[PDB]
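Student: I would like to see how this sequence folds:
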Amino acid sequence: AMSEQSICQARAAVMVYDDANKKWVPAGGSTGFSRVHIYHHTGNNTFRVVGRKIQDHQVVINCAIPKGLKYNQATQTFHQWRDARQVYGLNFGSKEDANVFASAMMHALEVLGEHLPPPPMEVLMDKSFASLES
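Tutor: Numbering: from 1, shown residues only. Below you will find the coordinate block:
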């Protein structure tokens with residue numbers, strides 16, 4: 001009840017977008033792959049994405065998933081969404097990881113309801129995070 005089960009695990013390079021200089025930067029400040037989970041909170045029926053660098057366990061994404069999140073499959077292997085502070089981009093090691101992770105995210109959202117392109121307006125202007133923390 002006060003614990004979270006992993007419903008999905010994917011390996012990915014976690015990026016964050018820099019609005020002012022219009023480029024993607026590695027989340028946490030260092031290149032490298034992360035292990036990214038979608039966690040379901042058994043008691044509260046909420047979901048969270050948690051990504052940690054494989055090398056040193058640095059937490060580079062810890063993001064509540066709100067009803068209505070805009071999850072953009074920009075390419076077969078690069079998917080984007082945002083929270084109140086940052087715009088994330090997951091560059092998956094493989095189309096298979098990406099398909100699994102996107103599928104799990106879309107299911108969670110149903111329950112709740114130069115190689116890399118920039119985030120579109122629907123992502124940049126997503127206010128779904130505003131339905132939380134109030």
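
Student: Pull up the pairing partners for the lengthiest strand in the chain, direction included.
Tutor: Secondary structure of the chain per DSSP state E: the longest strand is strand 4-18. Paired neighbours of strand 4-18 in the sheet (DSSP bridges): strand 23-26 (antiparallel), strand 34-41 (antiparallel), strand 87-92 (antiparallel).

Student: Just name the most buried of these.
Tutor: strand 87-92 (a mean of 23; mean count of other CB atoms under 10 Å). To be clear about C-beta, it is placed using only N, CA and C from the backbone, and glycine gets the same treatment.

Student: Not counting its own residues, what contacts the following helix or strand past that one?
Tutor: Sequence-wise, the next helix or strand downstream of strand 87-92 (DSSP states H and E) is helix 95-112. Identification of contacts with helix 95-112 by CB atoms under 8 Å, 6 or more residues apart in numbering yields 7-8, 10-12, 36, 38, 40, 45, 47, 65-69, 71, 73, 76-79, 90, 92.

Student: Could you check the angle helix 95-112 makes with strand 4-18?
Tutor: 110 degrees (axes from the mean of the first three to the mean of the last three CA atoms, to 10 degrees).

Student: Using PDB, list the CA coordinates for helix 95-112.
Tutor: The C-alpha trace of helix 95-112 is given here as PDB (Å, rounded to 0.1, in the frame of the first residue of the first chain):
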ATOM      1  CA  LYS A  95      12.600   0.500 -31.000                       C
ATOM      2  CA  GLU A  96      11.500  -2.400 -28.800                       C
ATOM      3  CA  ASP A  97      12.200  -0.600 -25.500                       C
ATOM      4  CA  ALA A  98      10.500   2.500 -27.000                       C
ATOM      5  CA  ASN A  99       7.400   0.500 -28.000                       C
ATOM      6  CA  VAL A 100       7.100  -1.200 -24.600                       C
ATOM      7  CA  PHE A 101       7.600   2.100 -22.700                       C
ATOM      8  CA  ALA A 102       5.200   4.100 -24.800                       C
ATOM      9  CA  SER A 103       2.600   1.400 -24.500                       C
ATOM     10  CA  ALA A 104       2.900   1.400 -20.700                       C
ATOM     11  CA  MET A 105       2.700   5.200 -20.500                       C
ATOM     12  CA  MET A 106      -0.400   5.300 -22.700                       C
ATOM     13  CA  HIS A 107      -2.000   2.600 -20.400                       C
ATOM     14  CA  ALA A 108      -1.100   4.600 -17.300                       C
ATOM     15  CA  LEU A 109      -2.700   7.700 -18.900                       C
ATOM     16  CA  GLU A 110      -5.900   5.700 -19.600                       C
ATOM     17  CA  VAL A 111      -6.000   4.600 -15.900                       C
ATOM     18  CA  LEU A 112      -5.500   8.300 -14.900                       C
END
